[PDB]
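Below is one structure, written out as structure tokens; comments come after it.
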4 protein chains.
Amino acid sequence: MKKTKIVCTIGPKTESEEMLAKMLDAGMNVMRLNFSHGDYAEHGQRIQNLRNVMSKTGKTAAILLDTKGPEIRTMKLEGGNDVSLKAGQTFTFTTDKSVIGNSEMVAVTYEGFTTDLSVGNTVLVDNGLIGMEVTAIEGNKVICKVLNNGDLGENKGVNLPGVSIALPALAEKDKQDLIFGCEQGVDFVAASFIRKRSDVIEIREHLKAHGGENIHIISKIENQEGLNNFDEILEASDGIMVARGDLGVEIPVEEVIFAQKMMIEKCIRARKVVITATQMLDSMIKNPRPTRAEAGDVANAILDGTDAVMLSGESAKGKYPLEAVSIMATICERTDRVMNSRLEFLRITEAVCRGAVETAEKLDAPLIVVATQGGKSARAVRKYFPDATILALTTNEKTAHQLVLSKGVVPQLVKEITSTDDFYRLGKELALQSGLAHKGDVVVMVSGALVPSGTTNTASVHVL
Amino acid sequence: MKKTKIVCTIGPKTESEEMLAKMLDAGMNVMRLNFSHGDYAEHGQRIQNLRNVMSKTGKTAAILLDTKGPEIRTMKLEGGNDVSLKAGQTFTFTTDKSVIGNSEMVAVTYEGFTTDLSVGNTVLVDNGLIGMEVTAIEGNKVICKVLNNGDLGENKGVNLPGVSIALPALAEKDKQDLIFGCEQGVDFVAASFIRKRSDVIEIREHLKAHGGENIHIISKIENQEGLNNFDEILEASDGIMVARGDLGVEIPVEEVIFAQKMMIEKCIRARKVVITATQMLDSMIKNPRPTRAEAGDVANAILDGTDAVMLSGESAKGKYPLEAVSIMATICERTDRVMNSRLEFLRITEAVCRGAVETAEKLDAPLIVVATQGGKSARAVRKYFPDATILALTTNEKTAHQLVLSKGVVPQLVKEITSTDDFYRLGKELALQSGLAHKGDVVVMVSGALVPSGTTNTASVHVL
Amino acid sequence: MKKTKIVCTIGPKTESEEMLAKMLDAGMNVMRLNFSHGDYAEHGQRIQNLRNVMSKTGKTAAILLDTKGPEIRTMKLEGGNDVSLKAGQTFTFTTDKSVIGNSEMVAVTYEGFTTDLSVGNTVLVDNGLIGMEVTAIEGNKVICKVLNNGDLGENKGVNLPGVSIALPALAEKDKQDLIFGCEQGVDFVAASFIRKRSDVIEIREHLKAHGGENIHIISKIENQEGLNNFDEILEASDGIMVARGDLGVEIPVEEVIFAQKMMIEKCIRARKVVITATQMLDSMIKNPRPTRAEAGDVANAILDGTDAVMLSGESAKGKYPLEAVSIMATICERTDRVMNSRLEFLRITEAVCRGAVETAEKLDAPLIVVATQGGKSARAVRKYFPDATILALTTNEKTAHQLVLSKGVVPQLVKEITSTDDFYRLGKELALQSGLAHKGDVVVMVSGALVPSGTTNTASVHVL
Amino acid sequence: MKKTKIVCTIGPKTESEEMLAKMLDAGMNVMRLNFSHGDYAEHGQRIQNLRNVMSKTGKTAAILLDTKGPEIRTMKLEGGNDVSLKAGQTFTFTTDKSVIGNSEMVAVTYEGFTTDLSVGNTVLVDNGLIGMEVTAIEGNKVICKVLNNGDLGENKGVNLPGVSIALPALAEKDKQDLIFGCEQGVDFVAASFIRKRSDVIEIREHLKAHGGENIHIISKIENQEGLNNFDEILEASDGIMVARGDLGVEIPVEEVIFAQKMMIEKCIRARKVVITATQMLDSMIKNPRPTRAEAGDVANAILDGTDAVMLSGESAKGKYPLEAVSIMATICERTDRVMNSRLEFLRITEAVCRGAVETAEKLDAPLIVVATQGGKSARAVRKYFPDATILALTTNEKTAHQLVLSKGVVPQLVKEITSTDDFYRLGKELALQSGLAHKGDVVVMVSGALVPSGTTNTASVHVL
């Protein structure tokens, strides 16, 4: 089967119990709820239909909450009509949010435009459609020299490549969505426009302040500032989502492929889950089959090493959402089956988990059984891309859902684990029940014995 | 200095002496001539303008001719207006070329349409826009049931995924173009829609018959039949072109990307050139910048190991030919400078060449100087992706040109090389003259000594 | 500090409790009893004196019983006088044991002398002093032509190089000596003159019938036939003793060094103990310091990989018993400490035991703690020449004694181990009690969990 | 055939042309001349019969001269009677060369005895037979306390363990022996009792000052002072001789075995010849067959990596010199056929010669042919212990002789070599004539091209 996990953004056409039941059947693993739109009654009902489907069907899934996040936007123009800009003209941005725009001026929502920017910096409007150079800055106006032609519309996003922007890490609306996340008991939170480590902690504080300590934080990297602080941002998050489309607006186009690859590699080396997202199968919002391009992009993303691939509009609003998940599952299976283990890499956990993967492959073990509380143990084996499927045994309900996103992982919640010998017994029974192994197969069993929950130190080889 | 080579299809906007020179300044190495269109006055002019540009400046490049080839196409419709075909409807193809089409029946260009097809096959019209199922075949009619809605127009290509097609290897015009190739001294010949080894052999007989025995044939793989027989085609060809676009229609969408990787890998091991083509940076036909998607696709083909990447419309019929090349060349460098040698893989030529690269690397040699007659020696080294640049000294002007298409090779024509010790003298001098090495650097020099051409047997180390 | 173990033949000057105590202080590990000489009261007394010192001191050791074995010997001469034989003369051996010899004929003790030999064989008398070539065989006589001059004495041993001899596998006296071995509870039994597997099985039967199922058989390979069947013999024994001296008499002198090197390496591979003996430090029978050569021979034995090195007369019938053992311990200490682990060379037991040693080195673990019943698991670790010391915890007292002979092993007997977590608890306490580890050191612990005795499947890393 | 080379000390029973002829047929390669005894006419004549034998048959050998060297010896006793020394007694050595000795005091030949020695140092007389500890030093006498009983005889050697001895670097007679060496054109010189680099330099000055500039210095390591300065001594010398007998008396006995191995390895890494000498097959001075210990001591010296093994009294003054060499050859061979290459270890000669050997083995070439004038080229290849035999082609007659001592090297004198391509021509022809390779076999050819002598930079692979 496939090992790479599929995040599906759920929307009006896919929030029914009947659809979610088939969305999982087709390969969906994590439900994404995009709070950029929708209201608390909408999502809470979507959450309920899934937990209804899971309870009745017996399948497992995770639920991810994604924040709107901070952003800079233009506003309206006179007559609400587009305006055509010409290169070389002088253009001006104003802080005054009460101004209606025109061909010489438009208003912006963030006052720190003047302080953060400096003469020589570039300003990009509407996903980089129109670019401009800042030539002078005065009070409540920002003077620019237009660099390229384009049609400016109303309420368009603005980007400042290579510039340290001083936005708040979260908007006030974000704070309320996060709190709703804690009340619902969500498993993951993906936070938009994370630029620096301080941003990651502020979310962690807020979740800690409302019972979201056991919630894993997924930081979305979207610009060069985030990329520049990526190492620190990874250290502070529980995982990463690579938002390739947005970064493409911020950095040289040929670096994006090497930005995604590095980040995947660094998440792998760190035993932290990674999602590759945006411009995945966009051509399928309207079409029943994807491009040659889209599938190859996805296939290179799995070969880079990502844990998960994410469907956005394709599944929340698309006209062929079920076909999108299904073909994604076909791409993942086809791509996952020709990848090899990565047995390189002094922690005790690292030495033990890496050796167990080599031993699994040295014995053609179809399954590596892992006892985990917080999930680090299943993620330590995953770093080595084992051919074996990882059945992770836990009593912690959150852990089981969160491992739904880790590559190659099959979570199974169990009542209790009393000792090291019990783990081997219980795991042996369950290895047969899971159907992934059979009598006569070898399994490798990883646990921590007489050590804290944070370390993995034991490896044992059993026959089923 | 990039190692990957760029093929550019030259057209009206890029056929000037002044422009071609600016394409070469920008990194162009090979001129492609797409003989689907244009006439002998047009093509002969491009060849002359290049040789004028080459003659005056001293830069060197290659000339590749790309054939139209055999094909199956629809014909004209009533009133020359589009007709909408509906899923479930019955549609029919006819052999009678004087029949006007309609919503229920159209004429085809291939008379063997009925005999080649069988009950159950899929028929695709206009690059897969509309697909149909064959339901019956009788005489001069082909009966089908339409599977998807779309407008069938005039002059639309026909594709038979998973179906073995029995067309001829050359059209009468193909025969006339190749002879013009022989007459003009083309360096390469690209052969479209290669399905079997016999297709390549037919071309070789043709080319040998007009004094172009030394002209390299690069087989373009364009359907599922070619892919099944790829191994035999490579043996008979001099190289391969991966046509990702055309294969995208003939084979399941999740297989295409691995067909590229597989096909490229075998070209490397065989010491035969491989080009990745079609759907490179198409969007630059209209836009002055590529998408993030394209540049990741292109560069990942370089990481696969491709020798050369090809521009089609971007440089033939496009608005931004210089911008297309430059971003291509910048992608080649950004990608090439992070790729490593591949020093695995009982022959003499290989053992010496693999040893020469490993020695050069262990001694921080910037350069491998190679004495070659037909270039087989330069292409044996290239297999291992050496960090060091290859200075290929030859007395055969065709080889000097043909070796411009291979990755990392800087060819140099010489008056003579009388002996092995003579080669070391001259090769050391020319290494310094090129500016690619400097006094004191280590250079590694590979030649055949006291053996006929085609074998490389000697490897030597000098300080400049 | 040393890892190689020292076997000592104990004799009149070293059988007192006061000596045994100082021999262990000097490095002795195993006592050997040469049943070639002595009677049941002497050997039984040595066993008692050692076990008294063990009881008083708390030190541990093993008891090895070495058999006389079968043999072919000359017999009595006229007047008990030496006779001089001359090269070229005819000499005759007779089966008639009532014939008194002289310079033309002597009797032998083995009735099969006439049948086993053939015309052309070599006959060697008195440790190779005198050689003869068989020229004819008639009735009860073997006729020979003497090849070199020498003095034939009374009761001289005979060697028949390259001849398959039909002697019994055990002497009638041997049968009783082994029964005494069982009665006393010896740990090892070394069996002389093993030629074929059938010999080893007869010994195993004999031990079974008197309660010696737990006694390990150590087969002494002493002739060409022993060597030819070495595998068949090794498969059935629990170990090997290399009889260097006799091998010099049976096989070309250039092969003996390569018989030894093999036997050690194949014993290493089989997880079965190997002892190197004979011609070790003979010169210390009379002198207080060994040869330059002797010390070099002894050290190359340890480097080949032998588990233990053995002293004979040096410690049994000699003037400097403690000085010899002491210098032996100095050679072992000095030699062992520059030897390296061997991390090469399907089964489960092997995969884990090689991984535990590879884990131990990557973590600088000074000790590898093993729970073992029958000693196999502790011996499976040693196969890889671990830098670390092996602390083998067992409840089988015979195993605890027998494991004193395997290189690098420290036995410690315990009451019980009820489970895998219990094993880790106690092992950490007992690791520190031994003084071989300290707070902060890492230990690796090898066990069998939920499998029967004979398989090793679990390895675990703890910090003390 | 064997690769290890044999040095033989030649004497009266082994100086006849007929016997030298039989010594070479049996495997003798280098003649040793021990200037401890004999006079210039005797040594000059042995030199003559060899160069006569070489010329007549065409078989080849080299000539080595061994110095007596400086030394400390006791002198004569009263009535020339042995005196019995007892443990604990006071004994005294005197500088006065006019004193006749007795049981309480004897004279020594070295004036610096009092100044070099110190209270607490050990004094050893007659192969370490009697040892004494200095208790006081006054005027020209050194007082001692004897440690063991023993009989002191006349004219006995003295050894001072761990003491920096300030004798001259050469004895006065040695200077004349070297001058005699320069006259005869000996190829090698063994210089005894080398303690420091300055010692080797005094010899080098002396040899050059009399025209022996191309004579190689083989420094004899015999005491602790040399060992501490070994690195410089090898660096300053042309090769090393391991004199195990002398070391056995000067340093702890368990260190001797590692002193041999270390020096053999370091000479290997330096591309400098190493001879292992003393206590090789001594038992054959009196016996026609060697000991198992001796057969193993030598065979382990070859496995250690020695270029040469040396016979002393065995071949100079013993009863079975011819049998000794033959069995020495049988051991060398039996061992030589089981050794493997050692292909580790960024200099140009190193990179190229190591690459040729792996390629030689990757193609099963039975021969590597090397072009050398100063011999460095063959000794760089030999270092990696190639299976292929090194056919070393040279124009320097001395070089051809000096390479007779180097392991696995077959020297060949040739008229001239006019080019690199000439070497390939001639080398292919001579490879076939030599009988070591045949038509269809691969040969690997190593030469230096367009560089000064001392550098090897070219490797070429040819079919015969």
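Labels for the structure tokens follow display order: chains A, B, ..., residues from 1 in each chain, ligands from 1.
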Inset, instruction - Compile the contact shell of residue 29 (chain D) as a ChimeraX atom specification: residues with an atom at most 12 Å away, counting only C-alpha atoms, same-chain residues fewer than 2 positions apart removed. - result: /D:2-10,20-27,31-32,50,54,59-64,307-311,325,328-329,401-411
Inset, instruction - Within 10 Å of chain D, which residues of chain C are there when counting only C-alpha atoms? Please give them as a VMD selection string. - result: chain C and resid 244 to 245 247 to 249 252 to 258 279 to 280 289 to 300 327 to 328 330 to 335 338
Inset, instruction - Rank nothing, just name the residue among C:192, C:394, C:287, C:89 nearest to residue 242 (chain C), using only C-alpha atoms. - result: C:192
Inset, instruction - Determine, counting only C-alpha atoms, which protein, DNA and RNA residues have an atom within 10 Å of an atom of residue 139 (chain A); residues of the same chain fewer than 3 positions away are not included. Present the result as a list in words. - result: residues 94, 95, 114, 115 and 142 of chain A
Could you write those residues out with N, CA, C and O atoms, as a compact mmCIF listing (two decimals), in the first residue's frame?
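The resulting file, selection29.txt, is reproduced below:
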# COMPACT_ATOMS: atom_id res chain seq x y z
N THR A 94 -0.57 54.23 0.71
CA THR A 94 -0.93 55.08 1.83
C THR A 94 -1.38 54.20 2.99
O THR A 94 -1.97 53.13 2.79
N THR A 95 -1.10 54.68 4.20
CA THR A 95 -1.54 53.98 5.39
C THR A 95 -3.00 54.25 5.69
O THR A 95 -3.69 53.39 6.26
N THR A 114 5.99 51.57 6.24
CA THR A 114 7.03 52.59 6.12
C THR A 114 8.24 52.23 6.97
O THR A 114 9.39 52.41 6.54
N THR A 115 8.01 51.73 8.19
CA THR A 115 9.12 51.44 9.09
C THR A 115 9.89 50.20 8.65
O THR A 115 11.13 50.19 8.67
N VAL A 142 3.72 56.14 0.84
CA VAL A 142 4.90 55.34 0.46
C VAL A 142 5.08 55.51 -1.04
O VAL A 142 4.21 55.09 -1.82
Inset, instruction - Quick one: pull the distance between CA of residue 316 (chain D) and CA of residue 75 (chain D), Å, one decimal. - result: 26.8 Å
Inset, instruction - Write out as a count of residues only each polymer residue whose atoms come within 10 Å of region 163-165 of chain B, counting only C-alpha atoms; drop sequence neighbours fewer than 6 positions from it. - result: 14
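Between CA of residue 272 (chain A) and CA of residue 234 (chain A) the interatomic distance comes to 8.2 Å.
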Inset, instruction - List every residue of region 143-250 of chain B that DSSP, applied to the backbone of this structure, assigns to strand (DSSP E or B), and report them as a PyMOL selection string. - result: chain B and resi 143-146+150-152+157-159+188-191+216-221+239-243
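When DSSP is run on the backbone, the residues of region 43-122 of chain A that fall into helix (DSSP H, G or I) are residues 43, 44, 45, 46, 47, 48, 49, 50, 51, 52, 53, 54, 55, 56, 57, 78, 79, 80, 113, 114, 115 and 116 of chain A.
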Would you output that residue set with N, CA and C atoms, as a PDB file, in the first residue's frame?
ATOM      1  N   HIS A  43     -17.393  24.187  10.962  1.00  0.00           N
ATOM      2  CA  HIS A  43     -16.274  23.286  11.218  1.00  0.00           C
ATOM      3  C   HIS A  43     -16.603  22.278  12.310  1.00  0.00           C
ATOM      4  N   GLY A  44     -17.211  22.733  13.408  1.00  0.00           N
ATOM      5  CA  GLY A  44     -17.584  21.810  14.466  1.00  0.00           C
ATOM      6  C   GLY A  44     -18.459  20.678  13.973  1.00  0.00           C
ATOM      7  N   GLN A  45     -19.326  20.958  12.997  1.00  0.00           N
ATOM      8  CA  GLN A  45     -20.148  19.913  12.394  1.00  0.00           C
ATOM      9  C   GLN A  45     -19.296  19.025  11.498  1.00  0.00           C
ATOM     10  N   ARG A  46     -18.367  19.624  10.748  1.00  0.00           N
ATOM     11  CA  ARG A  46     -17.418  18.828   9.978  1.00  0.00           C
ATOM     12  C   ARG A  46     -16.609  17.914  10.893  1.00  0.00           C
ATOM     13  N   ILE A  47     -16.113  18.457  12.008  1.00  0.00           N
ATOM     14  CA  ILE A  47     -15.411  17.636  12.994  1.00  0.00           C
ATOM     15  C   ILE A  47     -16.284  16.473  13.448  1.00  0.00           C
ATOM     16  N   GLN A  48     -17.572  16.739  13.681  1.00  0.00           N
ATOM     17  CA  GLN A  48     -18.460  15.713  14.220  1.00  0.00           C
ATOM     18  C   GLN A  48     -18.722  14.613  13.201  1.00  0.00           C
ATOM     19  N   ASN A  49     -18.935  14.975  11.933  1.00  0.00           N
ATOM     20  CA  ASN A  49     -19.188  13.946  10.930  1.00  0.00           C
ATOM     21  C   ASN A  49     -17.997  13.001  10.807  1.00  0.00           C
ATOM     22  N   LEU A  50     -16.775  13.532  10.901  1.00  0.00           N
ATOM     23  CA  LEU A  50     -15.600  12.668  10.846  1.00  0.00           C
ATOM     24  C   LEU A  50     -15.569  11.717  12.037  1.00  0.00           C
ATOM     25  N   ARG A  51     -15.675  12.256  13.254  1.00  0.00           N
ATOM     26  CA  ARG A  51     -15.652  11.397  14.434  1.00  0.00           C
ATOM     27  C   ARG A  51     -16.838  10.441  14.439  1.00  0.00           C
ATOM     28  N   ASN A  52     -17.939  10.814  13.780  1.00  0.00           N
ATOM     29  CA  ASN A  52     -19.027   9.864  13.564  1.00  0.00           C
ATOM     30  C   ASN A  52     -18.592   8.759  12.611  1.00  0.00           C
ATOM     31  N   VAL A  53     -17.979   9.136  11.488  1.00  0.00           N
ATOM     32  CA  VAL A  53     -17.518   8.149  10.516  1.00  0.00           C
ATOM     33  C   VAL A  53     -16.453   7.249  11.130  1.00  0.00           C
ATOM     34  N   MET A  54     -15.478   7.845  11.818  1.00  0.00           N
ATOM     35  CA  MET A  54     -14.434   7.047  12.453  1.00  0.00           C
ATOM     36  C   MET A  54     -15.023   6.072  13.462  1.00  0.00           C
ATOM     37  N   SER A  55     -15.921   6.560  14.322  1.00  0.00           N
ATOM     38  CA  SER A  55     -16.486   5.706  15.359  1.00  0.00           C
ATOM     39  C   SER A  55     -17.226   4.525  14.748  1.00  0.00           C
ATOM     40  N   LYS A  56     -18.027   4.780  13.714  1.00  0.00           N
ATOM     41  CA  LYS A  56     -18.813   3.727  13.079  1.00  0.00           C
ATOM     42  C   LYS A  56     -17.942   2.849  12.188  1.00  0.00           C
ATOM     43  N   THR A  57     -17.037   3.455  11.414  1.00  0.00           N
ATOM     44  CA  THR A  57     -16.247   2.693  10.454  1.00  0.00           C
ATOM     45  C   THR A  57     -15.061   1.992  11.108  1.00  0.00           C
ATOM     46  N   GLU A  78     -11.661  53.277  -6.977  1.00  0.00           N
ATOM     47  CA  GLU A  78     -12.838  54.047  -7.364  1.00  0.00           C
ATOM     48  C   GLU A  78     -13.658  53.279  -8.393  1.00  0.00           C
ATOM     49  N   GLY A  79     -14.965  53.199  -8.144  1.00  0.00           N
ATOM     50  CA  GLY A  79     -15.864  52.406  -8.953  1.00  0.00           C
ATOM     51  C   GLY A  79     -15.635  50.919  -8.851  1.00  0.00           C
ATOM     52  N   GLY A  80     -14.849  50.476  -7.871  1.00  0.00           N
ATOM     53  CA  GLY A  80     -14.563  49.068  -7.676  1.00  0.00           C
ATOM     54  C   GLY A  80     -14.043  48.393  -8.925  1.00  0.00           C
ATOM     55  N   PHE A 113       4.403  49.424   7.136  1.00  0.00           N
ATOM     56  CA  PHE A 113       4.984  49.402   5.799  1.00  0.00           C
ATOM     57  C   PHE A 113       6.163  50.360   5.707  1.00  0.00           C
ATOM     58  N   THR A 114       5.994  51.571   6.240  1.00  0.00           N
ATOM     59  CA  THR A 114       7.033  52.586   6.124  1.00  0.00           C
ATOM     60  C   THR A 114       8.244  52.233   6.974  1.00  0.00           C
ATOM     61  N   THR A 115       8.011  51.726   8.185  1.00  0.00           N
ATOM     62  CA  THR A 115       9.120  51.445   9.087  1.00  0.00           C
ATOM     63  C   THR A 115       9.889  50.204   8.645  1.00  0.00           C
ATOM     64  N   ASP A 116       9.173  49.155   8.233  1.00  0.00           N
ATOM     65  CA  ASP A 116       9.839  47.908   7.866  1.00  0.00           C
ATOM     66  C   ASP A 116      10.587  48.046   6.546  1.00  0.00           C
TER      67      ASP A 116
END
For the interface of region 354-383 of chain C with region 196-215 of chain C (cut-off 12 Å, counting only C-alpha atoms), please tabulate each contacting residue of region 354-383 of chain C alongside its nearest pair of atoms and their separation in Å to one decimal, rows sorted by chain and increasing number, as a tab-separated table.
residue	atom	partner	partner_atom	distance
C:373	CA	C:214	CA	11.9
C:374	CA	C:214	CA	9.2
C:375	CA	C:214	CA	11.4
Inset, instruction - Using only C-alpha atoms, pick whichever of B:426, B:119, B:143, B:186 has the shortest atom-to-atom distance to residue 93 (chain B). - result: B:143
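The residue that comes closest to residue 30 (chain B), out of B:441, B:304, B:361, B:187 and on the basis of only C-alpha atoms, is B:187.
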So that I can check the surroundings of residue 425 (chain B), please list as a CSV table (one decimal) with N, CA and C atoms, in the first residue's frame every protein, DNA and RNA residue that reaches within 12 Å of it, counting only C-alpha atoms and ignoring chain neighbours fewer than 4 positions away.
chain,number,residue,atom,x,y,z
B,369,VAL,N,41.6,16.2,-19.4
B,369,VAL,CA,41.9,16.4,-20.8
B,369,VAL,C,41.9,15.0,-21.5
B,417,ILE,N,47.8,15.1,-33.3
B,417,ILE,CA,48.4,14.6,-32.1
B,417,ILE,C,49.2,13.4,-32.5
B,418,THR,N,50.6,13.5,-32.5
B,418,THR,CA,51.4,12.4,-33.2
B,418,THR,C,51.7,11.2,-32.2
B,419,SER,N,51.7,11.4,-30.9
B,419,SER,CA,52.0,10.3,-30.0
B,419,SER,C,51.4,10.7,-28.6
B,420,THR,N,51.6,9.8,-27.7
B,420,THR,CA,51.1,10.0,-26.4
B,420,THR,C,51.8,11.1,-25.6
B,421,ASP,N,53.1,11.1,-25.7
B,421,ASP,CA,53.9,12.2,-25.1
B,421,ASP,C,53.6,13.5,-25.7
B,429,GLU,N,49.5,22.5,-22.6
B,429,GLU,CA,49.5,23.9,-23.2
B,429,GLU,C,48.0,24.4,-23.3
B,430,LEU,N,47.2,23.5,-24.0
B,430,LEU,CA,45.8,24.0,-24.2
B,430,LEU,C,45.0,24.1,-23.0
B,431,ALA,N,45.3,23.3,-21.9
B,431,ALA,CA,44.6,23.5,-20.6
B,431,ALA,C,44.9,24.9,-20.1
B,432,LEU,N,46.1,25.3,-20.2
B,432,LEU,CA,46.4,26.7,-19.7
B,432,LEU,C,45.8,27.7,-20.7
B,443,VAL,N,46.1,18.3,-13.5
B,443,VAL,CA,45.3,17.9,-14.7
B,443,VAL,C,45.4,16.4,-14.9
B,445,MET,N,44.9,13.3,-17.7
B,445,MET,CA,44.8,13.3,-19.2
B,445,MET,C,44.6,11.8,-19.6
B,460,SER,N,46.8,9.6,-17.2
B,460,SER,CA,48.0,10.3,-16.8
B,460,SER,C,47.8,11.6,-16.1
B,461,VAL,N,48.7,11.9,-15.2
B,461,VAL,CA,48.6,13.1,-14.2
B,461,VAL,C,49.8,14.0,-14.4
B,462,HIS,N,49.5,15.3,-14.6
B,462,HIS,CA,50.5,16.3,-14.8
B,462,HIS,C,50.3,17.5,-14.0
B,463,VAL,N,51.4,18.2,-13.6
B,463,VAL,CA,51.3,19.5,-13.0
B,463,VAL,C,51.7,20.5,-14.0
B,464,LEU,N,51.0,21.6,-14.1
B,464,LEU,CA,51.1,22.6,-15.1
B,464,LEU,C,52.3,23.6,-14.9
D,449,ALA,N,56.1,10.2,-17.2
D,449,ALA,CA,56.2,10.9,-18.5
D,449,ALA,C,56.3,12.4,-18.3
D,450,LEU,N,57.3,13.0,-19.0
D,450,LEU,CA,57.5,14.4,-18.9
D,450,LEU,C,57.6,15.0,-17.5
D,451,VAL,N,58.2,14.2,-16.7
D,451,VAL,CA,58.5,14.6,-15.3
D,451,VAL,C,59.9,14.1,-14.9
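Reported to one decimal place, the separation of CA of residue 387 (chain C) from CA of residue 446 (chain C) is 15.8 Å.
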